[PDB]
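Note sheet for the following structure.
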Amino acid sequence: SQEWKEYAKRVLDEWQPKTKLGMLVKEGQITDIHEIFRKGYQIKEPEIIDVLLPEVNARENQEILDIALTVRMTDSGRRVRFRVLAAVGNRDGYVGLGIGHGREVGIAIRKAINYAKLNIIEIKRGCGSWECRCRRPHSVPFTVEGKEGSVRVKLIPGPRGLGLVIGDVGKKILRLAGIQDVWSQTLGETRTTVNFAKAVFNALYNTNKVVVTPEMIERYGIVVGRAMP
Amino acid sequence: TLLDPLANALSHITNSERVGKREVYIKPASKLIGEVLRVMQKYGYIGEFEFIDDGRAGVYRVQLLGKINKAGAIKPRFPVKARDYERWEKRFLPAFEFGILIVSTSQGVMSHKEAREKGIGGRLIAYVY
Amino acid sequence: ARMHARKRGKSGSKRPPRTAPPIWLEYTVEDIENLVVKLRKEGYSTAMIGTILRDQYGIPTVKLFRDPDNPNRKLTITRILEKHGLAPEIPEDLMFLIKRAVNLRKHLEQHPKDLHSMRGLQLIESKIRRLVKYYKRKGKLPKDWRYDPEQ
Amino acid sequence: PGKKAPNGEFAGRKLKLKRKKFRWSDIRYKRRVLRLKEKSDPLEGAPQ
Amino acid sequence: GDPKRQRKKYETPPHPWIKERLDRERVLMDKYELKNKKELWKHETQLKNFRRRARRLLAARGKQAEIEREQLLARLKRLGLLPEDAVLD
Amino acid sequence: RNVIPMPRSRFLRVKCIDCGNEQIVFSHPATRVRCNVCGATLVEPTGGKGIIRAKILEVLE
Amino acid sequence: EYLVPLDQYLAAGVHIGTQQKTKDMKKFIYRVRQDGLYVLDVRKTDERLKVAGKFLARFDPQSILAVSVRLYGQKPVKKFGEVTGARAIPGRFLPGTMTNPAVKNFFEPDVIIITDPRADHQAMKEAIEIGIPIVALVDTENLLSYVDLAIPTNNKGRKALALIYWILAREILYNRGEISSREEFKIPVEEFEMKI
Amino acid sequence: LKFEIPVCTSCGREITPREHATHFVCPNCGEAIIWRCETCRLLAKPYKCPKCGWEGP
RNA sequence: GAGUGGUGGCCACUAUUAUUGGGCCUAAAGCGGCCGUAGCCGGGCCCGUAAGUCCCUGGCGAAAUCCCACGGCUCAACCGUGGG
RNA sequence: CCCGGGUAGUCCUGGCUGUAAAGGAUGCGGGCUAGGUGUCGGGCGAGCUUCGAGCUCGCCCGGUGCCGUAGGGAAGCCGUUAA
Ligand SMILES: [Mg+2]
Ligand SMILES: [Mg+2]
Ligand SMILES: [Mg+2]
Ligand SMILES: [Mg+2]
Ligand SMILES: [Mg+2]
Ligand SMILES: [Mg+2]
Ligand SMILES: [Mg+2]
Ligand SMILES: [Mg+2]
Ligand SMILES: [Mg+2]
Ligand SMILES: [Mg+2]
Ligand SMILES: [Mg+2]
Ligand SMILES: [Mg+2]
Ligand SMILES: [Mg+2]
Ligand SMILES: [Mg+2]
Ligand SMILES: [Mg+2]
Ligand SMILES: [Mg+2]
Ligand SMILES: [Mg+2]
Ligand SMILES: [Mg+2]
Ligand SMILES: [Mg+2]
Ligand SMILES: [Zn+2]
Ligand SMILES: [Zn+2]
Ligand SMILES: [Zn+2]
Ligand SMILES: [Zn+2]
């Protein structure tokens, strides 16, 4: 954590913002990661997240989900292209998913990491299982669903200490968001990694779409964004 | 033909709240629909409602507040004993106390929390959350 | 929808909700029953009598007066005719369908190759059988009564 | 195609009949119940 | 039917070759000097049984459930796994 | 609103041109409406609203 | 009473709609003539013009953007930008002006004014993506989808567009205090419109 | 302490992290803040100021 | 790891049998069309009944086998006393 | 395959046969969920008229087409005539 403070300070001085939100963040009018959501802004500069959430650059907070190479046909042979699917997060309350393309693997990886920061979202965590009523943010607070292509995903709250009962792609995505225990059910073709990952991402995003009362926040221990002990 | 007035009412409500309607008219009214509306209002899922008389079965006018995730009828009307509510909750609801099941008992129509408190069973007829 | 054609016409009467007869109506119950008996003795059908009462005498349906003898129920044309013994022996709609079917059976004797008019005969007889089943169940017809076209 | 049928409370007999009828389209079930492998196996069901 | 057959008291992994699980188990085996994997697996099963009993009793009510709840707590803190003021959670 | 149905027809109080009689008639008749005293025609039926040949005095509620 | 006499409103043709209508514009429609043409109410236009004048005067002057693809609307928006200090883009709107930071004329406003939602569909589509309020002039034919403040008027005529922008500019100037009275504003209406 | 999530003026539902919502001061009075969610903007739902009562897009 | 491999069977994998919980325009799959008997599904209100349904309580559904605590074989496997 | 001829058949009366890419490749009844714009039948209102069972505009119900919002879908696409 100490290193990332000075890293964020270093990036902040040598950055020339190009957009309105970048100008606000450079001037110090916006100081916390939570202040850029829920008001319709556009996010086009990756330095915003570097300044506000410096720990998305740690090696342990990034994941290369998949690498594929695809072919376009021409009269002079086959032209090869790389597609990389990647994700980042802070292991507390924020997560992003991105795809990058390039002529070689390194360029594709760099672009995929770059686009994942621009697609960042914040989620809600809690405890809603019938056999664990502990009010601590270790799972999803209620059953949620998401879909992409032919893939359907349903996430179900689980007891503390159970683990992530889901395929590996879901394991990595849910781990980067700060979730420890969950049950799941799926339909469709999960071997298509892109659609699987996007479906889990949509299911996580849909925790913000469920109406809740002030009693429920107390009951399920619902936390938005950073846990903040 | 028309087979079930209560299912029509609940599907109409859940269709209307997804496009942001502020009021609805339930066209065939009945006493059972009135009971379900009373139980829903007690828990804050709807606003005020009223009965309008034509020469026919009558109409209900209901105010919506944008507080319903989903509402539906249960068919068939399964009998349930006084200590078996958990599995129906897992079948229909999203978390351990999220929303209500609406139960018809020989002491009236009530939510499954009140029925569990009194220690009696009955028939499942609807769910709202 | 329609029973056989599955069309969805919606035209019909739109009756306002009222309990008491209107103020401007001046006839009493005795006058109305006299009028109904007189029109019946002129030979009109039950549906026609109400049409004439509405059109010419300004009387919206007789189902606005309480039965003088039985307070539990309102007054209808068939009840008024029953009180005097002029009520039909066979229910009217069944009689009308039977009459329509007999006329069509003599058309089909001279035109045996008219196959499209024959399906209409089959549909009419299906309606007749549904009606006779309903009336047998309620006791408006004897247990032995049967529809035989050769009769 | 409309709603799956029958869903009625007092329609158990037809539902059980429907499931029994369409189970014979399953090739694994049919071969075990009619014992089709046993009738043609030169090893007569032995492992060696 | 069939008479009783005695069953194993431990459970085996669902997949034998998973890299992360192998690393974790190797760390434990080397630190505590166990003879073979099944020994380790034995202890794992014990833990899971305790957990499975706690999950079932949080969701139960009645007279027998309370007896079993206090019995579980007493057995756990007799073995030295819990402090004397611990709760079911 | 239009939840309750309301008819588009009306009852009318008219005056016979010949006899001078006053009657109440329906605006959408299905038969020929004639005077109750003398027998002259008062309203003729059509596809929709009828054709009134008498003097209109009042539109009843 | 009114910003201008109703004779002026009618002489410019502000109340003239088109042959078509929409369900959501019916609160503004006054009546329909015998030849199938809809007419707009003039009092609603005046009231909305006053409100819009109050609303736009609170923004920083150089952060307002006004666009017009239609040929008859290019001169009035240019004059409007000249008077009030706002940026004006007449003619073709280059895609990516508000979404592509690499473009030379990249510019993010605080509020946009649309002359015609149907013709200016690129600008509206890009404005929806950056989350700013949208002020538009709507005819009997338009939809109110994604419009936050609507001003009902004929948005196809020449004199009509000229008059609307003249009044709006005067209202902004008066509300923000650059003239002490409405009358001090001595710039003819003819200066706002396209000639020939 | 925590932070509060904004709520739509017309429908009362919360604003999701990446939706095309908008907010602005009241045109007529300028003393209150109007929030509009994406669904209300798409469907042209009316809104009403809590201070002056002026209404509608 | 005193075990570790080969062949055959059943369950899982499989929402490839689907009550929970699947499909039928173009991929397997809507009878060429319609009428109708049993069966299944059936509009609103009032009164009665108490068959289904729900609650309370008597008599039963052997022992072994299953789960929990405590006690006896060094601990355990096993065996005993109690509660389910 | 192209050209000149040609029997059965194609047509009528009384029977049998029961088959098609018999395709809307979409079983039937009921409730509900933005709009816009053509056309056919009936009804209501207003304005014209050479007085025509005529013409133009608007609204309600029922048929028949196209473009499309939410939603659905592997996509093509469907979208109050729902998939
Ligand atoms: Mg070439
Ligand atoms: Mg899709
Ligand atoms: Mg045996
Ligand atoms: Mg297999
Ligand atoms: Mg399948
Ligand atoms: Mg067919
Ligand atoms: Mg077919
Ligand atoms: Mg049939
Ligand atoms: Mg009923
Ligand atoms: Mg009983
Ligand atoms: Mg026993
Ligand atoms: Mg010992
Ligand atoms: Mg022991
Ligand atoms: Mg023993
Ligand atoms: Mg030839
Ligand atoms: Mg054909
Ligand atoms: Mg017409
Ligand atoms: Mg139509
Ligand atoms: Mg379409
Ligand atoms: Zn928990
Ligand atoms: Zn007369
Ligand atoms: Zn809203
Ligand atoms: Zn205000």
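Proteins get letters first, then strands, A, B, ... in listed order; numbering begins at 1 in each. Hydrogens, waters and symmetry mates play no part in the numbers below; they use all other heavy atoms, side chains included.
In this structure, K14(C) and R8(F) approach most closely via the heavy-atom pair CE-NH2, 4.1 Å. The two atoms that bring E61(F) and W24(C) nearest to each other are N-NE1, 4.3 Å, heavy atoms only.
Within a 6.0 Å sphere centred on CZ of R53(F), heavy atoms belonging to other residues, nucleotides or ligands number 12 at most. The number of heavy-atom neighbours closer than 6.0 Å to CD of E42(C), taken from other residues, nucleotides and ligands shown, is above 12.
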Exercise. Passes side chain to side chain contact (heavy atoms under 4.5 Å, CB included), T31(F) versus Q56(C)? Steps please.
Worked result: CA-CA 9 Å; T31(F) 73; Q56(C) 192 156 311; 5.7 Å; no
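Contacts between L42(F) and chain C at a heavy-atom distance below 4.5 Å are absent for every atom of the residue. Only the backbone of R32(F) comes within less than 4.5 Å of a heavy atom of chain C; no side-chain atom from C-beta onward does. With a threshold of 4.5 angstrom between heavy atoms, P60(C) approaches chain F through its backbone and through its side chain.
When side chains are defined from C-beta on, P7(F) counts as touching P16(C), because their heavy atoms get closer than 4.5 Å. By the 4.5 Å heavy-atom criterion applied to side chains, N36(F) and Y57(C) are counted as neighbours. Side-chain contact between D55(C) and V25(F) is absent, with no heavy-atom pair separated by less than 4.5 Å.
The most heavy-atom pairs under 4.5 Å with chain C, out of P29(F), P45(F), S27(F), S9(F), come from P29(F).
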